[PDB]
Each structure stands twice: as C-alpha cells, then as structure tokens.
Undergrad: 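Before we start, here is the structure in question, set down as structure tokens.
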Amino acid sequence: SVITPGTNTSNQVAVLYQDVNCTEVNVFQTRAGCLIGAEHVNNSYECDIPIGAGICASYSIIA
Amino acid sequence: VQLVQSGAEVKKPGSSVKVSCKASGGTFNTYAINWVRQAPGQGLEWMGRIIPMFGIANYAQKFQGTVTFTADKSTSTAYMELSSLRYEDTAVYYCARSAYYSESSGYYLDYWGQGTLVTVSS
Amino acid sequence: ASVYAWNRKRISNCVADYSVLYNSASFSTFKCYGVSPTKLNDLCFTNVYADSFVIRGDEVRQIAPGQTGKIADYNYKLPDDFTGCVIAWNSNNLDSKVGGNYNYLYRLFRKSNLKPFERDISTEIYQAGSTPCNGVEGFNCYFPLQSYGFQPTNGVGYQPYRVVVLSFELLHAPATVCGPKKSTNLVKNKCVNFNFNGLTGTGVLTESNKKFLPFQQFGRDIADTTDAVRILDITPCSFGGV
Amino acid sequence: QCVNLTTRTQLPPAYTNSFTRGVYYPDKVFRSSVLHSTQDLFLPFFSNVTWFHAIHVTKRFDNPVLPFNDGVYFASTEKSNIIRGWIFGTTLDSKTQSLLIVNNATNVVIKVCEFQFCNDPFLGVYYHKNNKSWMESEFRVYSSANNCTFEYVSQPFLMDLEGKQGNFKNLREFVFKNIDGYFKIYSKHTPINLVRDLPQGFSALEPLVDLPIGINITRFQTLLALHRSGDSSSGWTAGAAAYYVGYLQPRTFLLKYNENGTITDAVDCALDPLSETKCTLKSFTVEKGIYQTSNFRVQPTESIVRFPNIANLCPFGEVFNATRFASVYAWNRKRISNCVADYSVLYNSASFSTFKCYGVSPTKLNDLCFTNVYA
Amino acid sequence: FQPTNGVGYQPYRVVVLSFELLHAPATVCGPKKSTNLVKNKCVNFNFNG
Amino acid sequence: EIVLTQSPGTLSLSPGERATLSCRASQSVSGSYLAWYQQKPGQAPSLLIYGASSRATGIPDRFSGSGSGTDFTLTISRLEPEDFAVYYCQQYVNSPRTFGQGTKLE
Ligand SMILES: *[C@@H]1O[C@H](CO)[C@@H](O[C@@H]2O[C@H](CO)[C@@H](O)[C@H](O)[C@H]2NC(C)=O)[C@H](O)[C@H]1NC(C)=O
Ligand SMILES: *[C@@H]1O[C@H](CO)[C@@H](O[C@@H]2O[C@H](CO)[C@@H](O)[C@H](O)[C@H]2NC(C)=O)[C@H](O)[C@H]1NC(C)=O
Ligand SMILES: *[C@@H]1O[C@H](CO)[C@@H](O)[C@H](O)[C@H]1NC(C)=O
Ligand SMILES: *[C@@H]1O[C@H](CO)[C@@H](O)[C@H](O)[C@H]1NC(C)=O
Ligand SMILES: *[C@@H]1O[C@H](CO)[C@@H](O)[C@H](O)[C@H]1NC(C)=O
Ligand SMILES: *[C@@H]1O[C@H](CO)[C@@H](O)[C@H](O)[C@H]1NC(C)=O
Ligand SMILES: *[C@@H]1O[C@H](CO)[C@@H](O)[C@H](O)[C@H]1NC(C)=O
Ligand SMILES: *[C@@H]1O[C@H](CO)[C@@H](O)[C@H](O)[C@H]1NC(C)=O
C-alpha cells in the first residue's frame, strides 16, 4: 500500500506491506503489517489516512 | 579417385614452398583432405585436415604455426604451405581423403596421392 | 539456399500478386496459417519476409508452427502464431543430380534448440563425449552439419522440395505491401466500407483537421479502435434505438 | 591506412545523472489526449549514463569500445559537429558483417558491410591559415569491404565544418534498437544554451528511419571529426564536444499526450512507489489516501528433492563377481527383483571392454524404474 | 581357452542385462539423487513426489 | 594423447606364413575407430581395413581384422609375395589421427 498526502501537497511516500514480517527484505511493525517511510509518534490525532487496526497516518509523514 | 601430387621441390633452407594436391571431380565437396608427413626412413604423422567446403583447417599441436593449409574450391586443388624449411622439415608429404561426417564416423584416409619430396635441394 | 543457411529476402514497397501463386496450383504444399488462402491473402502487411530452403519431402510437416523434429529444432523454427504461409513444391528435376547432389545440408546435431528465427552458420564440432576433441572429428564428436544427398531415382519422401516460407507481419502500420485490387474512387461523407491498409470496416469518411506525422499512418482514440487513417477521419454512420 | 593515436592522457570514466530523458514513440499509431501505458525497451528515469569529453585544453580524445546489450541511447552536445556517426558490429575485424553511419556532406552513407576496422577509426578536418576555410581532409575508418550488398543514398547540404568559439548550442538525441531483424534509429534535435551540463525538460523522440538489416551487433564505437593545422600519427586537435551513452532496459512507461500528436510527458512505473501508484491510477495526479499497487512475494531460492534412501540393494555384485560363470549353451538367468539398483555399477571401473547399451543407454534412464531385471 | 592365446581366443565373461521400459511394476529403481534439506528459506520442495 | 605401439616390428622376416600383426593403445580404442594401411615401398599407403574388421574395396577378405578394446589384429590367411609392405595403424579416438610405427619394415 502506497500512502501519500496528495501530489498537489507533497511527493513524500510511505509504503505499507500488509501482513508481512518484513525483517527480511523508519520501520514500524503493527498487526496490520509493517510501514516504512513514516515516523511513528506517540501522540493521537484525528484519523486522516486509515492504515488499519487503530493506526492512522497524516502529513514529513507521521503514523 | 585420383589425387595427383606436385613434383619434388628444390627449396634452400628457410625458403617457403606450397604443395599442389589436385582433386578429381566430386572429391573436395563430399570429402575432407588430410596431410601426413611421412618423414624419411620413419613413420606417418598426421599434420591436419582440410574441409574444402567450409574452409576449416585444424592442425595438431606439433605442426601449429609452422604449416598453412589452403584449398581452392574452384579448380579443386589442395595446397599446403611450409612457413620455412627447417632442417628436420625434409619429408614426403601426402594428401589423402577423409569423411568429416557424423553418419559415417570412419575418418580414414580413402585415397593417397603420389607424394612430394622436399629437401635442402632437389 | 540450404535449410541451415536459410536465405531471407525482404519484400518492400511493392504491390503483390498473391493470386498468381493460388492459381498456379503446381506447388506441392501451399498451407497458410493465420492468414486465409483462396484469394484472401491479398491483404496489406508491414513486412513480407520470404525464406527459401530445399528440404526433404518427409520433413515438410516439421516446418509448421509448434511442431518438433530435427529441422524444426536445429535448422529452422517457426513462431507459434505464424501469421503467414508455408509453400513447397517438388524440385526433383531441378534439385536432384545424377549420382546425388550434396550441395544441400541439414544440421543433424546441435547443443540446443534454436530461437523462433535463427541462422546458425557455425561449423564447430558438436560434442557428444567428455573429450573436447580440439574441434576435430573423433569419437563422440562429429561434424554437426550433415549432408542430404538427393538422388534422381529416389522416393518422394527422399526427393528435394523447394520450400519458400512466407511470414506476414500484421501490424500494418508501415503498409509497404498492398494488393492492387482496391482503388480510390473519391468517396467521402457517406456510410461506406473504408479500407486503407487492409483493415476492413464500415463508416463515414470525414475531412480531418488533426495533424499527423510522416511516420504515422493510423490514429486510434480511446478503446484502441481505428479513428483516423492516412489524413481522413473515420466516423461510423448514424445508428441508434427505435 | 589508419594511424595509432598517441599523446593521450588516461582519465577514469565520468558519469552523470540523466533526468527523465530517453522516451520515444512505442509505435507508429497516432494518439492524442490519452494516457497510454506501454511496455518496451526504455531508458530508466533518473538513471546514470556514461559521459565522454573532447576538450582542446592530452586533448581528451574519447572513443572507446562500448557494449550493445539491448539498445543504446546516444545524446550529443555539439557546436561544431564533431561527432560524425557510429559503427556497429561484433568483432570489427571484417570477419563478421558490420554497419556504419557517417554524416558525409555529399551524401549520408549508411554502409552495411564487412569492414576491417582499425584500432582508432576517426575523421579529420584540415584548417588553413592562408584563408578562413574548413574542408574534410582524412577519413581513416575501414580498409576492405567485399562481401555485402546494402548501400544507401540521401541529400545533405554543405555544413559549417568550422570550430566556433563559445559553449554548446546543439543537442542531438538518438536511440538505436536491434530487434526482429530491424535496426531502428530514432532521432531528435534541440537548441540548448548551456556550457557543460545535461539539458533538462522532456522531449519526444520521433522515428527517423528503420533499417531492415538483421545483423548481430554486440560492440559499437563512436566516430569523431578532429582538427588539424607535427607528426600525423601522434598529432591532432580534438575540438570541443561531449556525448552521453546510456543503455535501455525493458520497462513499462505511462505516457501523456496532448491535443497534438506529440508526447508531452511520461512516467516510469518501476521508478519509485509514487510513480507506481500514478501508473496504477492511470493518472498523473494522485489524491491523498492509501492505494494498493503491487504485491510483494518472496521468490524461492532453490529446489529441493528428498526421497527414500537406498535400503534394498540389488545383488549385481553377486552376478558380476561370481566365482563360477555358466557355459554359453546353459545360459544362467537370475532375476533382480525388489531392490534399488546402483546403476552407477557397469564402465567407472571400465574393466569391461563393452558397456554398449541398447535402447536404455548408459544414462539417467538406466538409473530409473525397471519392472523386471534379468541377468 | 588357453592361458597363452590371443584375446580373441581368450575368455570374456558376459553378463547380459535385460531391462523392459514400460516401468509400471518398477521393482528395481535407481537411488533417485536425493539432495539435502535447506529449511528456513522459501524453497521449491518436492518430498517424495 | 593415445599412443599406439605395434608389437611385431620385424616378425615377418620375409614371411611364408600367416601373420598376427598387432597394435596396442594407452586408452582403449573406443568404438573401433582404427584402420590399417598398406605402404608398398616407393609408393603411398593404401587403406586395408576400417572399423575393427570391415574390409576394403579391392582388398581381398584374406586380410582380416580381429580386434576389440585395444584393437590389435591384421591376419593374412594365405600369404602372397606381392602383398609384402610395412603395415600401419591409425586411431580416430581423441588423438590427432596419430599413427603407429609400422610392423613390416625391412
Ligand atoms: C553511475 O552508475 C553506476 C552503476 O553501474 C554506479 O556505480 C557504482 O554504484 C555502487 C552502488 O550503486 C557504488 O558502490 C560504486 O562505488 C559505484 N561506482 C563504481 C563501481 O565506479 C554509480 O554510483 C553511478 N554514479 C556515478 C557518479 O558514477
Ligand atoms: C552475436 O555474436 C556473439 C559473439 O561474440 C554471440 O555470443 C556468443 O554466443 C554463443 C552462442 O552462439 C555463446 O556460446 C558464446 O558464449 C557467446 N559469447 C559471448 C562473448 O557472448 C552472440 O550469441 C551472437 N548473437 C546472436 C543473436 O547471434
Ligand atoms: C495545488 O493546486 C492549486 C490549484 O489547483 C495550485 O494553485 C497549487 O500551486 C498546487 N500546488 C503545487 C505544489 O503546485
Ligand atoms: C516477526 O514479527 C515479530 C513481531 O512481533 C518479531 O518479533 C519477529 O522477530 C519477526 N520474525 C522474524 C523472523 O524476524
Ligand atoms: C512516548 O509517549 C509518552 C506519553 O505520551 C511521551 O511522554 C513520550 O515523550 C513519547 N516518546 C516518544 C519518543 O515519542
Ligand atoms: C582558399 O580557400 C580554398 C577553400 O575554400 C582553398 O582551396 C585555397 O587553397 C585557399 N587559398 C590559399 C591561398 O590557401
Ligand atoms: C567475399 O568476397 C571475396 C572477394 O574479396 C571472395 O572471396 C568471395 O566473393 C566472398 N567470400 C566469402 C567467403 O563470402
Ligand atoms: C499544438 O497545439 C497547440 C494548441 O494548444 C497549437 O497552437 C499548435 O499549433 C500545435 N502544434 C503544432 C506544431 O501545430
């Protein structure tokens, strides 16, 4: 899955491998898979790009 | 069927020579031509073979770089060139036939020419 | 030319008379694949590729696409689609000589099968054993090339067939070769059956304001259907429901 | 007659980054205002291409051997027409049929023939100090040409031949492809106003010609025109120019046309995930969101076969190494049943004069299932 | 057969082996070239057919 | 390189009896790729046999090969005065068609 904030906004891209333990191929592992290219933060905001399993992403790209 | 050979060559040491084996009609295309040294008072040594259709000549390790094999598709004549006359190169070279094929795997010398005597003189 | 050295000629920028071939009927095999025979072959091709060889009568079948044999895998193969024709005729008088003619050669053995089209002229000694043989005829290593040997008094399976294999690329964009049957007839603004490169269809010709390029003949809009053809626009005549 | 070129200072090859350059028309079909996705041999976006210089200042005379894998993109920055053409082939020693392109003033002469190419094929323009005039002087490319039929003609006009002062002003883009017995040359010309760089922007590459040759090409050269005004083997002036060489690979590109017939923009699908999702959506603008584009999968490293081991062994040793063998009239038969067999047991000793096998042969077929074995 | 004699006049033991090629019973088979195990990586496996 | 050694170098001694001319090789001759040759003095060799035992055109079947493995036999069943000539061997297995040293040389 390609997570983007829109070409009109920025060209930054986050890549989500769904249900893949991607230790063998900014890596963040969740039960929905593993996300690369977005910095995980400890805050909680309104969901913008629904990744899944209670995890969302928003615009650098944060998860 | 008849493969007449060139006459004896009067070659002073170091002077090159080219033999002239003459193929009868139908000999070159169907069959390969091979050269044997037949050194004086000694045995027979296989210099190499000429494929007169695809122009392929392969030589043994001993004679490599010392002899050149050429054949003329038109006039059906076989030629062997000696780079220079080294002292041991005196001999009676012979040209013979071959099969150079798969179905017939006997690669024997079908018909042999009369022979050419090379030496320091006559 | 021999089967191993399959000669190719390019038929370019000329009108063709496919119907003289059909009405000759002297050719032993005149099988056509993809293209239809019986006067329907006179349709435009980008390139007409002709390859001619003299093969044995029994080996004619192998030339067909997706067929396997010695000739097919070591001398000449055909692509599976094979938009084109296979043409053969018996050259027993012309290509058989008394005492046999050994001027025609087939590749009995080779290391691997070939590409769909491939001309191997190599004379490297085929290897059948551990020993290299130094590219000389020894045990378990023979000349890959093997003779035919057509004889005047011989079986039909063992007599020479002159074979011309014609391939037809149906891209049709260059339009080099085209049947002289059609004419211009100066037709526009009416429901007609357009035909400009051997691609038939129905519709109304219309003047074209779009600008093409010298290398461009056709123009296709969305749905990959013919819209403009060398410049005239193709607009199908009115249709609808009642 | 060719002369070996000396007084050249060695310098490691240079490389530069090409930005969205090397896109041509995939076919001869007119399209307009449509996003077309096609797979063909293209130069990758933001790739590396090799840079070759020629600076008067050594003299940097660059003309080495370059491979021809699946097609070559050749960009040329010029102001005095230093590059005159190219040659293509496999050995360039007249053993195999070769090709050569040369922009001669009288006629372009694409020659497809067996040429005995020398070590340093080149051209040379003489300069006269008596009056301002430049004329072609030397042409040392080939020596023999016997076995061939193809030869061409065209109508170029007298060009400049003079070495102007300043920066590069002409960009010549070429793509040479060899497929289906065709040598396709696609060309474009552009006016550029830089000094020593790679021009930006995007430009379509129209088909110039499609030679129907069908030859095997593996190595190719580049032909330069030098300038002269002591020794002829060692003395020459290079003339200021540069040229870029790149290699195409099979990729899928999404192209966006205009109301006209030209190609205005293109994107490489396999460049980065952003371009991947642009190709997936069949659009050049991607709205904010999450999109499933591809599917990652681990490719198997190797193939493994584990079978039951040899546990029952056939008594071939009993039959072969027996103390007493039967007479010919009383031929003795033994049945080898229900045991795996060491078919690697009848030639490795090769004591046997004959391991002449009929029908089965000494092969893996030997070392295979047998209904009954009679010895 | 005599000890000092030509090999043409010397004994050759011959062990004629008859093998039919239908192979439906398959009573005798080769070792079948078993390889080794390489687990913990994606692999194309073929255990016993 | 497969060397050949002819064993009876001068057994003939103006022979009036059947002969057993021999050739032996370092590696066994594979698939009977051997030949024999008739080199009458002052003249070129003439093929006598090919394969192992296959006879030749215009050469009587009294000339008989009897070899396998290390191919080694040329047998004159009834000896004739005119046939006297140094006899040579040649192997087409691996070797650059090398010859032996001759068995019936004076
Ligand atoms: C030019 O492209 C080449 C690709 O062949 C790059 O060459 C090597 O790239 C690796 C990693 O990508 C580096 O570790 C090497 O140091 C590179 N250089 C060599 C082998 O000379 C190269 O990076 C690209 N760019 C330039 C400026 O050469
Ligand atoms: C073009 O010629 C080259 C010779 O340099 C061919 O490359 C060889 O191909 C043979 C197979 O025919 C291989 O056994 C060699 O190992 C190859 N050598 C090298 C250096 O690559 C090439 O295959 C030819 N291409 C075509 C299409 O005929
Ligand atoms: C986004 O779009 C608006 C109008 O559609 C435009 O003004 C703006 O420049 C665009 N953003 C960028 C970064 O180009
Ligand atoms: C699989 O994912 C888990 C996350 O809970 C991780 O601890 C484990 O190391 C991963 N497996 C491998 C082989 O890396
Ligand atoms: C993790 O979360 C806690 C509580 O929200 C916060 O205090 C801390 O700074 C966070 N750390 C990072 C590295 O985000
Ligand atoms: C003047 O130039 C011409 C070529 O343009 C040249 O042929 C001629 O030799 C020149 N004159 C002198 C005196 O060199
Ligand atoms: C090539 O031309 C030469 C003439 O120099 C002549 O040998 C013959 O016509 C041709 N040979 C081959 C092998 O094509
Ligand atoms: C390209 O299209 C524009 C319209 O936007 C037109 O003005 C221009 O003339 C066209 N180009 C050519 C070469 O006709």
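Here is how names work: the chains are called A, B, and so on, in the same order as the sequence lines, proteins then strands, and each is numbered from 1. No hydrogens, no waters, no symmetry mates; every other heavy atom, side chains included, goes into these values.
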Undergrad: Nearest 0.5 Å, please: how far is OH in B/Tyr100 from CZ in B/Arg49?
TA: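 Reported to 0.5 Å precision, the distance equals 10.0 Å.
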Undergrad: When you compare the side chains of D/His189 and D/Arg172, does any donor N or O come within less than 3.5 Å of an acceptor on the partner?
TA: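 Yes, D/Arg172 and D/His189 have a side-chain donor paired with an acceptor closer than 3.5 Å.
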Undergrad: With ring centroids as reference points, do D/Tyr126 and D/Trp134 lie under 6.0 angstrom apart?
TA: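 That pair fails the under 6.0 Å test.
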Undergrad: Taking all heavy atoms of D/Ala266 and all of D/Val23, pick out the closest pair and write down the distance.
TA: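 Result for this residue pair: CB-CG1, 4.0 Å.
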Undergrad: With rounding to the nearest 0.5 Å, note down the distance linking CD in D/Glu206 to OG in D/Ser187.
TA: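 The OG atom of D/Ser187 is 9.0 Å from CD of D/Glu206, to the nearest 0.5 Å.
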Undergrad: Looking just at side-chain N and O atoms, do C/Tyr49 and C/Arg10 make a donor-acceptor pair shorter than 3.5 Å?
TA: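 On atom types as modelled, these side chains qualify, holding a pair under 3.5 Å.
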Undergrad: Tell me, with the steps shown, if D/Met135 and D/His128 meet side-chain contact (heavy atoms from CB on, under 4.5 Å).
TA: CA-CA 9 Å; D/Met135 65 183 73; D/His128 305 252; 3.4 Å; yes
Undergrad: Taking the side chain from D/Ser137 and the backbone from D/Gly124, do they hold a donor-acceptor pair closer than 3.5 Å?
TA: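 Pair found, side chain donor or acceptor close to backbone of D/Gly124.
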Undergrad: Evaluate whether atom NZ of D/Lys164 has more than 12 neighbouring non-hydrogen atoms of other residues, nucleotides or ligands under 6.0 angstrom away.
TA: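 Enclosed.
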Undergrad: Going by distance alone, is a donor N or O of one side chain under 3.5 Å from an acceptor N or O of the other, for B/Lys22 and B/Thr77?
TA: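 Absent: no donor and acceptor within the cut-off.
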Undergrad: More than 12 heavy atoms of other residues, nucleotides or ligands under 6.0 Å from CD of D/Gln165: yes or no?
TA: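 Incorrect, the count does not exceed 12.
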Undergrad: I'd like to know if D/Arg8 pairs up with D/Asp120 as an ion pair, taking the criterion as any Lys NZ or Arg NE/NH1/NH2 lying under 4.0 Å from an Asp or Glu carboxylate oxygen.
TA: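 Salt bridge between D/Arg8 and D/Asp120, a charged N being under 4.0 Å from a carboxylate O: yes.
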Undergrad: For D/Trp86 and D/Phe176, I'd like to know if the aromatic rings sit close, meaning centre-to-centre distance below 6.0 Å.
TA: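 Close enough - the centres of the two rings lie under 6.0 Å apart.
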Undergrad: Are a donor atom and an acceptor atom from the side chains of B/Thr119 and B/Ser121 found within less than 3.5 Å of each other?
TA: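 There is no such pair (donor and acceptor under 3.5 Å, judged by atom type) between the side chains of B/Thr119 and B/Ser121.
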Undergrad: Verify whether the ring centers belonging to D/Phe74 and D/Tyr244 lie closer than 6.0 Å.
TA: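 So the answer is no for these two rings.
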Undergrad: Please name the pair of heavy atoms, one in B/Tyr59 and one in B/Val67, separated by the smallest distance, quoted to 0.1 Å.
TA: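 The pair with the smallest heavy-atom distance is CE2-O, 3.3 Å.
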Undergrad: Do D/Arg60 and D/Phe52 meet the cation-pi criteria used here (NZ or CZ under 6.0 Å from the six-membered ring centre, within 45° of the axis)?
TA: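 So D/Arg60 doesn't make the cation-pi contact.
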Undergrad: Tell me whether the NZ or CZ atom of D/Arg21 lies within the 45° cone about the ring axis of D/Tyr73 and under 6.0 Å from its centre.
TA: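 Cation-pi check for D/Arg21 and D/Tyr73: fails.
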Undergrad: Would you name the heavy atoms of D/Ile83 and D/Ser76 that are closest together and state the gap between them?
TA: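 For D/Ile83 versus D/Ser76, the nearest heavy atoms are CD1-OG, 3.3 Å.
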Undergrad: For residues D/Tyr182 and C/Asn47, is any side-chain donor paired with an opposing acceptor at under 3.5 Å?
TA: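 A pair is found: one side chain offers a donor N or O, the other an acceptor, under 3.5 Å apart.
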Undergrad: Between D/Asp40 and D/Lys177, is there a side-chain N and carboxylate O pair less than 4.0 Å apart?
TA: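 Yes, D/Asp40 and D/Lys177 are salt-bridged.
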Undergrad: Considering only distance and modelled atom types, tabulate donor-acceptor pairs under 3.5 Å from the side chains of residues 220-233 of chain D, sequence neighbours left out.
TA:
residue: D/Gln221; atom: NE2; partner: D/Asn63; partner atom: O; Å: 3.3
residue: D/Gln221; atom: NE2; partner: D/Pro64; partner atom: O; Å: 3.4
residue: D/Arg228; atom: NH1; partner: D/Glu138; partner atom: OE1; Å: 3.3
residue: D/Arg228; atom: NH1; partner: D/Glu138; partner atom: OE2; Å: 2.5
residue: D/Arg228; atom: NH1; partner: D/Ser232; partner atom: OG; Å: 2.9
residue: D/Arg228; atom: NH2; partner: D/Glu138; partner atom: OE1; Å: 3.2
residue: D/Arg228; atom: NH2; partner: D/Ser232; partner atom: O; Å: 3.1
residue: D/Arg228; atom: NH2; partner: D/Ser232; partner atom: OG; Å: 3.4
residue: D/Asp231; atom: OD2; partner: D/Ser234; partner atom: N; Å: 3.1
residue: D/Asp231; atom: OD2; partner: D/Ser234; partner atom: OG; Å: 3.1
residue: D/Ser233; atom: OG; partner: D/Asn4; partner atom: O; Å: 2.8
residue: D/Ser233; atom: OG; partner: D/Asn4; partner atom: OD1; Å: 3.1

Undergrad: State whether C/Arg110 and C/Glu118 are salt-bridged, where the test is any N-O pair (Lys NZ or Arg NE/NH1/NH2 against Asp/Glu carboxylate O) under 4.0 Å.
TA: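 Salt bridge absent between C/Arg110 and C/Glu118.
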Undergrad: Donor-acceptor pair, D/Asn178 side chain versus D/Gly214 backbone, under 3.5 Å?
TA: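 Side chain of D/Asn178 to backbone of D/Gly214: no pair is present.
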Undergrad: How close do B/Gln5 and B/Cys21 get, counting heavy atoms only, and between which atoms?
TA: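 So the minimum-distance heavy-atom pair works out to NE2-CB, 4.3 Å.
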Undergrad: Are B/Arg37 and B/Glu88 within salt-bridge range, i.e. N to O under 4.0 Å?
TA: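 The answer is no: the pair does not qualify as a salt bridge.
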Undergrad: To the nearest 0.5 Å, what is the distance between CG (D/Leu205) and OG1 (D/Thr262)?
TA: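 The CG atom of D/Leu205 sits 13.0 Å away from the OG1 atom of D/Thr262.
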Undergrad: Would D/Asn167 and D/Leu194 count as a side-chain contact (heavy atoms from CB on, under 4.5 Å) if you check the C-alpha gap in whole Å, the side-chain angles of each, and the deciding distance to 0.1 Å?
TA: CA-CA 7 Å; D/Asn167 46 8; D/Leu194 53 83; over 6 Å; no
Undergrad: Centres of the C/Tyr76 and C/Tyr4 rings: under 6.0 Å?
TA: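 No, the ring of C/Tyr76 stays outside the 6.0 Å limit from the ring of C/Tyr4, centre to centre.
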Undergrad: Would one find more than 12 heavy atoms of other residues, nucleotides or ligands at under 6.0 Å from atom CG of D/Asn17?
TA: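 Atom CG in D/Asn17 is packed in, count exceeds 12.
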Undergrad: Any salt bridge linking F/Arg97 with C/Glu137? Criterion: basic side-chain nitrogen under 4.0 Å from a carboxylate oxygen.
TA: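 Salt bridge present between F/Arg97 and C/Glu137.
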Undergrad: Going through the checks in order, is the ring-ring contact (aromatic ring centres under 6.0 Å, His included) test met by B/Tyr93 and B/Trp35?
TA: CA-CA 7 Å; B/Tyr93 300 94; B/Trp35 301 87; 7.8 Å; no
Undergrad: Before giving the answer on ring-ring contact (aromatic ring centres under 6.0 Å, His included), spell out for D/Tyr25 and C/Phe215 the whole-Å C-alpha distance, their side-chain angles and the decisive distance to 0.1 Å.
TA: CA-CA 10 Å; D/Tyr25 292 76; C/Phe215 58 90; 5.6 Å; yes
Undergrad: Identify each donor-acceptor pair in which a side-chain atom of residues 93-110 of chain D lies under 3.5 Å from a protein atom, sequence neighbours left out, and give them as a table.
TA:
residue: D/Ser94; atom: OG; partner: D/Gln116; partner atom: OE1; Å: 2.5
residue: D/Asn107; atom: OD1; partner: D/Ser154; partner atom: N; Å: 2.4

Undergrad: So does D/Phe168 get a backbone contact from the side chain of D/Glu78, meaning a donor-acceptor N/O pair under 3.5 Å?
TA: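 Judged by distance alone, no pair lies under 3.5 Å.
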Undergrad: Centroid-to-centroid, C/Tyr126 to C/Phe143, below 6.0 Å?
TA: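 No, the ring of C/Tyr126 stays outside the 6.0 Å limit from the ring of C/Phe143, centre to centre.
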Undergrad: Identify the two heavy atoms, one from D/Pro250 and one from D/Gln39, that lie closest to each other, and give their separation to 0.1 Å.
TA: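 The answer is CB-NE2, 3.4 Å.
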Undergrad: Centres of the D/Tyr247 and D/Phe68 rings: under 6.0 Å?
TA: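 No, the ring centres sit 6.0 Å or more apart.
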Undergrad: For a side-chain hydrogen bond (donor to acceptor under 3.5 Å, both in side chains) check, start with the C-alpha distance between B/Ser6 and B/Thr116, then their side-chain angles and the critical distance, and finish with the verdict.
TA: CA-CA 6 Å; B/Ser6 81; B/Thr116 297; 3.0 Å; yes
Undergrad: For the pair D/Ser144 (side chain) and D/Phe115 (backbone), establish whether a donor and an acceptor sit closer than 3.5 Å, ignoring hydrogens and angles.
TA: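 No; judged by distance alone, with no hydrogens or angles, the pair does not exist.
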Undergrad: Test of understanding: with ring-ring contact (aromatic ring centres under 6.0 Å, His included), list the residues that count as partners of D/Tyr186, not counting sequence neighbours.
TA: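 For D/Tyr186 the ring-ring contact (aromatic ring centres under 6.0 Å, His included) partners, ignoring immediate neighbours, are D/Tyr24.
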Undergrad: Does the pair D/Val72 and D/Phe174 meet the rule for a side-chain contact (heavy atoms from CB on, under 4.5 Å), with working shown?
TA: CA-CA 8 Å; D/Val72 168; D/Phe174 295 86; over 6 Å; no
Undergrad: Ignoring hydrogens and geometry beyond distance, is a side-chain donor-acceptor pair present between D/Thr7 and D/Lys59 at under 3.5 Å?
TA: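 Absent: no donor and acceptor within the cut-off.
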Undergrad: Any donor and acceptor pair, going by atom type alone, linking the side chain of B/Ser98 with main-chain N or O of B/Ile33 inside 3.5 Å?
TA: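 The answer is no, because no donor-acceptor pair under 3.5 Å joins these two groups.
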Undergrad: Okay, side chain of B/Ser84, backbone of B/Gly14: is any donor-acceptor separation there less than 3.5 Å?
TA: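 Absent.
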Undergrad: Is it the case that more than 12 heavy atoms not belonging to D/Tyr142 sit under 6.0 Å from its OH atom?
TA: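 No - once you tally the heavy atoms of other residues, nucleotides and ligands closer than 6.0 Å, there are 12 at most.
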Undergrad: For B/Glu81, is there an ion pair with B/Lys18 - N to carboxylate O distance below 4.0 angstrom?
TA: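 B/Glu81 and B/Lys18: not salt-bridged.
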Undergrad: Please find the pair of heavy atoms, one from B/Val36 and one from B/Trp46, that lie closest to each other, and give the distance.
TA: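 Scanning both residues, the minimum pair turns out to be CG2-N, 4.2 Å.
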Undergrad: Can you list the steps and then say if D/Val141 with D/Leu123 is a side-chain contact (heavy atoms from CB on, under 4.5 Å)?
TA: CA-CA 8 Å; D/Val141 184; D/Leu123 282 72; 4.2 Å; yes
